[PDB]
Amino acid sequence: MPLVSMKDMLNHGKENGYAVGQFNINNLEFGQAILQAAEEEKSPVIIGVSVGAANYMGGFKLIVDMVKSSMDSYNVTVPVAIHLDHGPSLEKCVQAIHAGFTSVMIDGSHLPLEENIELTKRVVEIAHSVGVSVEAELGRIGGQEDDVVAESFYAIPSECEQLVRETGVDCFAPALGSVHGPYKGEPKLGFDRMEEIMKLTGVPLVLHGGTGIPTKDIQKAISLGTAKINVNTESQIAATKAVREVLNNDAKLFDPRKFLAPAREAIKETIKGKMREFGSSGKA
């Protein structure tokens, strides 16, 4: 019943026209919500961890132990991967792998293409010694404060062809108009480039900034080889709304469990919704 890499689940997704969601563990409470969503939807799932979330929770190894303890406690039978989101360095990837992560994203996208390929290739060499999956990136994900995405931040498909051939990465994140947080207007996704990058790379693609992409775009991204979609802030927002609401309705409430339990129910419903939109439901 144990943890798995993203390799088999993203290939099964690419083969059958669906996407696995990655949902980031914000804090320890979230972890349980993500697993019971996946268990209830008979969905594979990817638990994303940021370096910042890891610092908040007490490290990579505590998060692995707690996901493994939770899978045991809730009888989780669906495929679960633990993935380092936007890993900044070889050192952090090694540390995440040593802690028991099953997957890493080495984000070399801020580097020159050759430096990115070198760094990525070194992480792959490590990861593939021990059954770990690797994600890499080209181009740049919109920041919340950036307004519309500069055309210069879009991945160039011929660079994507080279990076994936030269590194051996299992899956690839081309930045094609994605943003972190609320889309300012319509999402401007480069579907023609996505199709090219799909065709040139032959690996499962990854869509960052899945919060606010409508079923039309999601369904289009999946048709063009997207097998992994990252949804983070939608869950954070559903959690905090649920807390604000129970505090505002009941001034006497003093047991944190009475505001954490509604938070958990909201996170779980958000995630089940996405597992249903992505077509991961019933695939486990």
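The numbering used is simple: start at 1 and walk along the sequence shown.
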query	finding
Residue range whose averaged C-alpha B-factor is higher in the record, 162 to 170 or 138 to 146	138 to 146
105 to 113 or 186 to 194, whichever carries the higher mean Cα B-factor	186 to 194
Top Cα B factor in the deposited entry, candidates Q95, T120, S133, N75	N75
Member of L205, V124, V179, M71 with the greatest C-alpha B factor (per the PDB record)	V179
Third of chain Cα B-factors occupied by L90	middle
Chain thirds of CA B-factor: placement of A239	middle
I218 - Cα temperature factor, lowest/middle/highest third of chain	highest
Ranked C-alpha temperature factor of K228 among modelled chain residues, by third	lowest
For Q22, the third of its chain into which the C-alpha B factor falls	lowest
